[PDB]
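Residues per chain, in single letters:
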There are 2 protein chains.
Amino acid sequence: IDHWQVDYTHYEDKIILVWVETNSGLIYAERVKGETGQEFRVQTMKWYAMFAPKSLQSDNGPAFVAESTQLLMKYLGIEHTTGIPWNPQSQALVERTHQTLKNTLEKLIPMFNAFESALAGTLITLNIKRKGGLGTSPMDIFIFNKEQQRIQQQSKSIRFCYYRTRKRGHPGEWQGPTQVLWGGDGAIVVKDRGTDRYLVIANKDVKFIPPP
Amino acid sequence: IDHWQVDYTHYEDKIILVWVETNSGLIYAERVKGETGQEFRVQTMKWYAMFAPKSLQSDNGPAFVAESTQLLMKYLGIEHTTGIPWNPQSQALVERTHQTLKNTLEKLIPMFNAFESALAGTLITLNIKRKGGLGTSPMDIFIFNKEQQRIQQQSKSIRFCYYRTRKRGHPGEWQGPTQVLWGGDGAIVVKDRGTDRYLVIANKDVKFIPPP
């Protein structure tokens, strides 16, 4: 679904916190100063802001089992299970992913001035550049999985707005208010009182009016 | 499309590099030590790794016009235009976005120990939590825009593999090789030689065999 595993990793004299998403192989990594629970909670916020995860697995390291970490996971709606379970599919993918990261970091370090740049370039190579058997990257798969979840709840489920049209690429005067006849994916349909014809407007040319 | 604007921002005695995507309102921010071109190129790598952008607008600040920055933008395939153009839709969205960030950061600072956590919590609030007129967040819109571009080139466009089935949630022995009859979105179709029936396998239960 949106399940992740987190580990502390060592590279020469540096400590790297490594997150791996067990469905798409997406990777997220960042250099840290130590293994304290406070810095792990800082990294936890940056991780959630980027990916909106749902569940997490880790070993029972101190930063992971601290009471403040457990309360933070619950506060963000994350089901965090300490102790790695038995799963051949995810365990094999995590192992390959960790090995490829170290090998790629070895090549990209001499290209850049900063270790942070080499690590960022490594994420680019693994998440964006390499394509699987179907020609999709890990980030292509992660995004596709996100959009599938949104269609799920949206399909299982009166507005008014201002709108404007564009002639030769330039937006016009705001018009309305008028009823939103149909809300679509990035577009709405309204009926123009002036010309008495139906129109389609994009989201960036619509200002919705808030319910009561 | 995937167009962004970048600015340096001041908050008390801190410097924040702020990126805003002009189609979805998505925001990315990070505290920096100064305004040098070297640190800006470091931040540029982290930004590209996360969002895979295409175009960028900024003013003609020194970190933005340096020769190494221009070559880096070209190296990553980014059309970078120094000097902000005239565009009412994007200029109004950037202004609102910057004001909301400062107001939200003011509230979340006393909740956290670290300024980095308050900034990360601010990104959560703006990108994930708040919903527009159609009930979609800025991150919902950003992702939806990504998946639309992938369907575009994929629709405008012989494989073999190993595969395995799952009974009660557990994966079975690897089987094959066999021809990929149809590659779908997260699934393939193969014909089982043993039972002589068609099957559907998910991507994580497929090991593709590389072309020559």
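Residues numbered from 1 in each chain as written, not as in the entry; some residues may be left out. Chains lettered and ligands numbered in written order. Heavy atoms only, no water.

When you look at a nonpolar patch on the surface in this model, what are you seeing that I'm missing?
On the surface, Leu-181, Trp-182 and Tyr-198 of chain A cluster together into a nonpolar patch covering about 380 Å² of accessible area. Of note, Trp-182 of chain A is situated in strand β10 (residues 182–183). (Patch = residues over 30% accessible without salt bridge, like charges linked within 9 Å, V, L, I, M, F, W, Y side chains within 5 Å. Areas by Shrake-Rupley, 256 points an atom, 1.4 Å probe, with all protein chains shown as cover. Salt bridge = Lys/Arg side-chain N within 4 Å of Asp/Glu carboxyl O. Helix = DSSP H or I, 4+ residues; strand = E, 2+ residues; numbered from the N terminus.)

Even after reading the chapter, I still don't get the sheet that holds strand β6 (residues 160–163) of chain A, so can you show me in this structure?
Hydrogen bonds between backbone groups are what pair the strands of a sheet, and the pairing can be parallel or antiparallel. Residue and element names in this part refer to chain A. The three strands are arranged β9-β6-β13 in an open sheet whose pairing can be described as antiparallel. At either margin of the open sheet sits one strand with a lone partner, and together these are β9 (175–179) and β13 (206–209). Within this sheet the neighbouring strands show an average axis-to-axis angle of 30°, counted without direction. Examined bridge by bridge, β6 and β9 share three bridges and lie antiparallel to one another. The partner of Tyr-163 across the bridge, within β9, is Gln-175. (Pairing = 2+ DSSP bridges. Axes fitted to C-alpha atoms, helices over the stretch in contact; angles between N-to-C directions.)

Sorry if this is basic, but what is going on with the relation of the copies chain B and chain A here?
When chain B is brought onto chain A, the operation consists of a screw motion whose angular component is 180° and whose axial shift is 0.0 Å, with 0.0 Å RMSD remaining. Interpreted geometrically, this transformation is the action of a two-fold axis. Residue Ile-143 of chain B, judged by its C-alpha, is the member of chain B lying nearest the rotation axis, at 3.2 Å. Same-surface contact between copies: 100% of interface residues of chain B are shared with the interface of chain A. (Least-squares fit on C-alpha atoms. Contact = heavy atoms within 4.5 Å.)

How should the environment of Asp-59 of chain B be read in this particular structure?
All names here are of chain B. Locating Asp-59 in the fold gives a position in the loop between β4 (55–58) and α2 (62–65). Its relative accessible area of 41% is what places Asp-59 among the partly exposed residues. Each C-alpha atom, one on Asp-59 and one on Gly-83, is 4.3 Å from the other, the two residues being 24 residues apart in sequence. Leave out the neighbours within four places in its chain, and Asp-59 touches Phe-64, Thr-82, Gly-83 and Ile-84. (Buried < 20%, exposed > 50% of the residue type's maximum accessible area, 1.4 Å probe, protein only.)

Would you explain unusual backbone geometry in this entry?
Trans is the prevailing form of peptide bonds, just as negative phi is the prevailing case for residues other than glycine. Residues and elements named next belong to chain A. Along the chain, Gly-176 connects to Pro-177 via a cis peptide bond; the corresponding omega equals -5°. Within the secondary structure, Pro-177 is located in strand β9. Despite not being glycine, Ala-52 has its phi angle at roughly 50°, a positive value. In this fold, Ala-52 is placed in the loop between α1 (37–51) and β4 (55–58). You can call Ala-52 buried: its relative accessible area is 19%.

What is the right way to look at the domain arrangement of chain A in this model?
By a widely used convention, the size of an interface equals the accessible area lost when the partners come together. Residues and elements named next belong to chain A. Here the domain parsing of chain A yields domain 1 (1–154) and domain 2 (155–212). Contact with domain 1, which involves five residues of that partner, is made by four residues of domain 2. Summed over both sides, the interface of domain 1 with domain 2 buries roughly 390 Å², with 28% coming from carbon and sulfur. Inspection of the domain 1/domain 2 interface yields one salt bridge. (Domains from an automatic or database assignment. Buried area = accessible area lost by both parts, 1.4 Å probe.)

Would you mind going over the packing of α1 of chain A against helix α5 (residues 115–129) of chain B with me for this structure?
Helix-helix packing: each pair is described by the crossing angle between the helix axes and the interaxial distance. Look at α1 of chain A against α5 of chain B: their axes get within 9 Å of each other, and the N-to-C directions meet at 20°. By the angle between their directions, the pair α1 of chain A and α5 of chain B is classed as roughly parallel. Between α1 of chain A and α5 of chain B lies a crossing of left-handed hand. Together, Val-42, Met-45, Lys-46, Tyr-48 and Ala-49 of chain A of α1 of chain A and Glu-116, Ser-117, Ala-120, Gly-121, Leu-123, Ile-124, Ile-128 and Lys-129 of chain B of α5 of chain B make up the contact between the two elements. A class-by-class count of the residues in the contact of α1 of chain A with α5 of chain B yields eight nonpolar, two polar and three charged. (Parallel < 35°, antiparallel > 145°, perpendicular 65-115°, else oblique. Left-handed = near helix turned anticlockwise from the far one by under 90°. Nonpolar A, V, L, I, M, F, W, Y, C, P; charged D, E, K, R; others polar.)

Honestly, the environment of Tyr-162 of chain B in this entry has me stumped. Any pointers?
Residues and elements named next belong to chain B. Mapped onto the elements, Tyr-162 comes out in strand β6 (residues 160–163). Here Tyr-162 falls in the partly exposed class, since its relative accessible area comes to 33%. With 18 residues separating them in the primary sequence, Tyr-162 and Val-180 have C-alpha atoms 9.4 Å apart. Not counting chain neighbours up to four residues away, the residues in contact with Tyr-162 comprise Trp-174, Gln-175, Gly-176, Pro-177, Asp-205, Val-206, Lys-207 and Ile-209.

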